[PDB]
Amino acid sequence: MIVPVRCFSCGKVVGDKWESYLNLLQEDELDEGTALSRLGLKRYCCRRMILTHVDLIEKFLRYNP
Amino acid sequence: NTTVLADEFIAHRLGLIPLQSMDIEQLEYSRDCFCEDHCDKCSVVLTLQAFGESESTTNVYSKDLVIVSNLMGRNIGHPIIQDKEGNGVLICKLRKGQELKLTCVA
Amino acid sequence: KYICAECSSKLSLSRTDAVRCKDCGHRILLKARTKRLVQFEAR
Amino acid sequence: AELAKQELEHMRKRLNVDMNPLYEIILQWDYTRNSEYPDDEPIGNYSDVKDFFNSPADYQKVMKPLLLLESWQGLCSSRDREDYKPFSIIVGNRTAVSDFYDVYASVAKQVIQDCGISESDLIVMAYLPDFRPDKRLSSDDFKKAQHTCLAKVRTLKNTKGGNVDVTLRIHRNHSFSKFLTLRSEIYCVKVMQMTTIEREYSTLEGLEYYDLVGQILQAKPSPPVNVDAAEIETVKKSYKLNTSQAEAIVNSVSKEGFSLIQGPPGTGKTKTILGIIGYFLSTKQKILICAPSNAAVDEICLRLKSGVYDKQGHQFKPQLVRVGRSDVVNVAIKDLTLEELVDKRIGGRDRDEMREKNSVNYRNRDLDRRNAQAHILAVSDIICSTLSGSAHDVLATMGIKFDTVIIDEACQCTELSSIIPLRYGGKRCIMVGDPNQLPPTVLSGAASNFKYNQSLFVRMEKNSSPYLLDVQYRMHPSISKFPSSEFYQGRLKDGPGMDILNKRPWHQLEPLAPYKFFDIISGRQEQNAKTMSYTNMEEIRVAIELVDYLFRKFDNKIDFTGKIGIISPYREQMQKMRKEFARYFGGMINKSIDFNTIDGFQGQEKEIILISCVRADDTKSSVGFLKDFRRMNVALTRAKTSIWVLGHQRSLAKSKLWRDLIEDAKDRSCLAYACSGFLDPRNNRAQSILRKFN
RNA sequence: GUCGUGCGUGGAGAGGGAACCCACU
Ligand SMILES: Nc1ncnc2c1ncn2[C@@H]1O[C@H](COP(=O)(O)OP(=O)(O)O)[C@@H](O)[C@H]1O
Ligand code: BEF
Ligand SMILES: [Mg+2]
Ligand SMILES: [Zn+2]
Ligand SMILES: [Zn+2]
Ligand SMILES: [Zn+2]
C-alpha cells in the first residue's frame, strides 16, 4: 500500500522521499538510478526498496469507501 | 477508523516513525517508575486526526502528529523531519468517506 | 448501530425491523466499529 | 427521465461547489506582505478580459488571477482601512483535512459577540510571546509582527459555561502551524468576510454547467424576434409608456437568452423593468430580480408595492420577497423582508427534564420557522435581492428554479456578480444598465487595467447593440442641459412637459433654484488616519443651514417626507453629515431627509438632491476619483427638480471636467457663493466675506 | 487611493456424519 517507513535491510527512513522520488521521475523526467542517487540513497537496499514498491493504496482509494 | 488500511497495519507504520530522543536519558522507562496509565514522566502522548472532505484525498505525514502530554520543557518526542518539502514520513491516505482518529503513546 | 454500504448513513434500527436501507434499495447494511476502546502495538 | 436526471445533476453541481482550491490559494498569501499582488509571480500571468472566450476553461483561467488579485486588494484595504478588535484564543487539537489543518479553540461568548465573528469570516492569527497583556492590541501589532497566518472560521458552536468552540481552517504548508502548540495563546483578529468572494468563485467554477454558458462566452445576445406592432401598441397603452420602451419590452420578452436594455437615467429603466415583470406575470413562474446596490433593490420593492399593471390595464399586487437582513433593507420595505414575513406567518432530574423540554420546544420552533420560510419562498412570485445575496444558502437548499432573471444596473457589477444569479437554471436574463454610470466598485487599479472592472453588460453591448432608450422623463431639462451635452453629446431628449411639472414654489426664491452651484470660500477637509477618507464640516453646516431655511420657508406648505437626499462621495463625510443632521434637527432626518453616496445612491430618485464635494481644499491639487466623468454623471442624474452642488471653486477648477461644469454654470448664472451662515442676516461676517470675495 | 458586500442562528452448566474437490511431507 504505502512505501515502507524504514528499509528492511538497514532501517533507513525512505518514506519521506517517495513523493520526492515520484516528483523527480515525473517533473524532472529523470531515470530511476539518477533520481535515487539524487535523493541520497547509496546502499542498494534502499534503492530496491523504493524502486520495487507498488502504490496499491491509490488503487484501493479509487473505490467509493 | 474507517480507512481502507488496517488498524494493526497503521499502528505498525506509526511505530517505525522516528521521534526526537535528544533528552531520552532524562526520560525514564515506564516499567521502572511507579506510575499508572502511562504517566507523561515515562511516556510521550500524541494524537492523530485526519479525514478528507469530498475530494483531494488527505495524505497523513509525521507533522500531523501533535504532542498532548506535558514534556516539562524537554525537546523529546518531536517528529523528525528531513525532506526538503518538509511534509515528513508518509503514513496513509484517507478518502472523502474515510475517518481516522487515534492516539499514540511512545 | 448500522450503516449503508453506499449511503454510509446511520440507521439505528431495532429488532423485528427491515434490514434494507431507507435511503436506497441496497440492503448490505454494514455495521460500524464498536465504541469500546481498542489498543494495538507496532510489535 | 435522462434529461431530468442530467438537469438535476447540473443543478446540484452548480449549487454545491468545492471551495477547497480557493481557500488553499488564499491562505498561502502572507498577511504582512505589503504589495499590490498576492505573490511575486510574473505579471505576464494576468491577462486582459478577452472579448471572446474559446471555451469555459479559457474563461476560468483568465478570470481566476483577476479574482485572486481583487481578493488580495480587498484584504489589504481591510487590513489598512478597517481596524477590528483583536482577541486571543487557546490552541487545541489539530485535524488534518484535505490540504488543510482544522484547529479547535475555546473563546469567550462576549468576545465573539463584540468581534462579530461568524461561520464565513476570515481572520489573521499571530504569536506574540513578548506582548504585554496591559498594552493595547490592534492591527498595528499584527502588521509589525512577522508571524501571521490566515484562517477561515469554519463553524461556531456554543458550549456550556459561555464557551464557543471556534474551528479555524488554515493551510498545512504555512510555517506558523509550528507555533500552534496545545494550550498556547494565539492573537487572532478578523480581516474581512469571504462570503461574496466564495460565491463569486463558486459561480466561476459552475459556469461550465450553466445553460447560458455559450452565450456568455461568445457574448452574443440572441437575435431579435420580430413581433406584431399591435402587441407593442397594446403594451404601450396598458403601461402608459413610450414607443421605445414598449418595443424594448416586447423584444426582450419575445426572445429567450440575454436581452440588454440601455437607458440613461430618467428614461424609465426601472419603469421598464416593472413593465417587463407585469407583462411576464400576465402572460407558476417565479422571477428573480437582482440589483448590485441595496438601495436599488429597496426602490424596486417600493415601486412594486404600489402594484403592477397587466396587459388589460388592471393593477395586481403579487407576493414580493426581499432576500436580505433588516439592517441593510430600508425601513419602509421592512415588512417585505423575508424574516418579517416568516415572523408574521408563525412568530436534578426535574432540571434535566425541563432542559429537554426547552430543547424540544426550540427545535419545534426552528422547524416551524423553516417551514414558514419555505412556504413563503414557494408561494412568492417575485424575489428581489442583490447579486451577492441572490446566492443565499436558503435559496440553494430549497432548489427552486428561476426561469426569468432581471439584472438592474448591470454596468455597476462585474461579470462574476452579474452571473451569480444565473446559477438557478437561468434561461432568460434581462440586463438593464447605462454604460455612462459608475463602473463596478473595484479596489485594485491593476485589476481595472486588466479590464476586470468591465462588466458583462459592457462587453455584450460591444458585441452587439442593445435596445437603446433616448427619451427621459425624470431630470429637469435645465439640469439635463449640461449632462446631456457633455457626457452623452446629445442623444437625450427631454419630456414634453418636464419643466412644467417640475415647477416648485421654492424655485421662485433666488437662493433656491432648480439648478445652482454653491462655492465654499473657506472650506477644508481632513483625511482620516485609518480610513484615509476626507471630511469637511463646512459643507455639512452649509447643507444644514439650507435645509433649515427651506423647512422654515415651506414647513407646512409642502411636506418633504422622503424627498430630500444628500449624496457624498466619501463614506466618512456621509456619516458625519447624517450625525450632524440628527444632532441639529433630530428624528425627522430619519424620514424627511436621506443620506447616501454617489455609488450607493445610483438609481435612486429624489425631488431635491445635494451633492457634497469633499475635495474643497485647493492646496491638495487633486480632485480624486471624482475626476472621472461617470462619477459626475451619476451624481448629477439624481436630482429631479432641484440640484445643489457644494464645493470649492478653486479646488475643482483644476480638473478639466469640473472647470467646464463651472464655466457652464457661470454661463447660465447658476453659480453661487456660500459659507458659514451666509443666509443669516445677523452673521454679518458671512456677508462681509461674500462682498470681499466678489 | 479610499469606493460595495453577503448572512441571522448471583450462581449455574456442555452431543452431529457421509461424500466430493485441491494442496504439502
Ligand atoms: N410615460 C411616462 N409618463 C410619465 N412619467 C414617466 C413615463 N415614463 C417614465 N416616467 C417617469 O420617469 C422616471 C424614471 O426613473 P428611472 O429612470 O427609473 O430612475 P433611475 O434611472 O434612477 O432608475 C419615473 O419616476 C417615472 O415617474
Ligand atoms: F440610470 Be439611472 F441612474 F439608474
Ligand atoms: Mg432604474
Ligand atoms: Zn536500506
Ligand atoms: Zn510512568
Ligand atoms: Zn443506502
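Residue numbers (the authors' numbering), protein chains in the order written: chain J, 1 to 65; chain C, 54 to 159; chain L, 28 to 70; chain O, 1095 to 1377, 1403 to 1466, 1530 to 1876. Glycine included, C-beta positions come from ideal geometry on N, C-alpha and C.
What is the DSSP secondary structure of residue i, counted as helix, strand or coil?
i, result
"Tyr1697/O", "strand"
"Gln1356/O", "strand"
"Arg6/J", "strand"
"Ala1245/O", "strand"
"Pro1621/O", "coil"
"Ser1425/O", "coil"
"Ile57/J", "helix"
"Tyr1855/O", "strand"
"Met1288/O", "coil"
"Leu25/J", "helix"
"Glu1302/O", "helix"
"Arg62/J", "coil"
"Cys46/J", "helix"
"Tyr1281/O", "strand"
"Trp1826/O", "strand"
"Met75/C", "coil"
If you draw a straight line from the alpha carbon of residue i to that of residue j, how long is it in whole angstroms?
i, j, result
"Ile1793/O", "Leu1843/O", "14 Å"
"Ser1851/O", "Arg1813/O", "24 Å"
"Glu29/J", "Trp18/J", "15 Å"
"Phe1273/O", "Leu1222/O", "10 Å"
"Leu51/J", "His1241/O", "40 Å"
"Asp1846/O", "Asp1652/O", "23 Å"
"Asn1267/O", "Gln1122/O", "8 Å"
"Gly1672/O", "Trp1688/O", "29 Å"
"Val57/C", "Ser1646/O", "57 Å"
"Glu1720/O", "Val1796/O", "10 Å"
"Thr1297/O", "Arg1605/O", "7 Å"
"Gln1312/O", "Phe1147/O", "6 Å"
"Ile1588/O", "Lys1203/O", "41 Å"
"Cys92/C", "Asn123/C", "10 Å"
"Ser1870/O", "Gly1859/O", "11 Å"
Please name the residue, chosen from the options, that lies closest to residue i on a Cα-to-Cα basis.
i, options, result
"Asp1776/O", "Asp1800/O, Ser1803/O, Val1729/O, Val1796/O", "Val1729/O"
"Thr1801/O", "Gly1369/O, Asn1815/O, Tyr1428/O, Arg1706/O", "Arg1706/O"
"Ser1567/O", "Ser1666/O, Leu1834/O, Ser1870/O, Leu1407/O", "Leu1407/O"
"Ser1172/O", "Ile1740/O, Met1714/O, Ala1554/O", "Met1714/O"
"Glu61/C", "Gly126/C, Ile133/C, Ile144/C, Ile134/C", "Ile144/C"
"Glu1176/O", "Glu1754/O, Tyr1333/O, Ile1343/O", "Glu1754/O"
"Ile1564/O", "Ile1370/O, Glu1325/O, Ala1199/O", "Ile1370/O"
"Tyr1752/O", "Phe1783/O, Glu1692/O, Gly1168/O, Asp1133/O", "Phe1783/O"
"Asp1550/O", "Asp1534/O, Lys1539/O, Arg1531/O, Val1461/O", "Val1461/O"
"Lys116/C", "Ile133/C, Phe104/C, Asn128/C", "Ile133/C"
"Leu1577/O", "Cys1593/O, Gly1443/O, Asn1540/O", "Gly1443/O"
"residue 1379/O", "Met1157/O, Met1286/O, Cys1857/O", "Between 1377 and 1403 the numbering of chain O has a gap, and residue 1379/O falls inside it, with no coordinates."
"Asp1174/O", "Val1156/O, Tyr1198/O, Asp1152/O, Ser1232/O", "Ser1232/O"
"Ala1835/O", "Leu1808/O, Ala1821/O, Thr1819/O, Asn1815/O", "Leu1808/O"
"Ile1746/O", "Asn1738/O, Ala1725/O, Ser1833/O", "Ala1725/O"
"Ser1803/O", "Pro1648/O, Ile1264/O, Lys1838/O", "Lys1838/O"
"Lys1583/O", "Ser1833/O, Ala1414/O, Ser1562/O, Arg1841/O", "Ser1562/O"
Is it true that the CB of residue j sits closer than 8 Å to the CB of residue i?
i, j, result
"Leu1650/O", "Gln1356/O", "yes"
"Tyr1697/O", "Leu1160/O", "no"
"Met1680/O", "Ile1722/O", "no"
"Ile1702/O", "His1830/O", "yes"
"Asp50/L", "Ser36/L", "yes"
"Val113/C", "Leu72/C", "no"
"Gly1615/O", "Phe1639/O", "yes"
"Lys1284/O", "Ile1211/O", "yes"
"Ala1239/O", "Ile1264/O", "no"
Residues near ligand 6, criterion Cβ-heavy atom distance below 6 Å: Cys31/L, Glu33/L, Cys34/L, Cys48/L, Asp50/L, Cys51/L, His53/L
Who sits around ligand 3, taking every residue whose Cβ is closer than 5 Å to one of its heavy atoms? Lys1363/O, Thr1364/O, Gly1785/O
In chain order, what are the residues with a CB under 6 Å from some non-hydrogen atom of ligand 5? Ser83/C, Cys86/C, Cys88/C, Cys92/C, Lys94/C, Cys95/C
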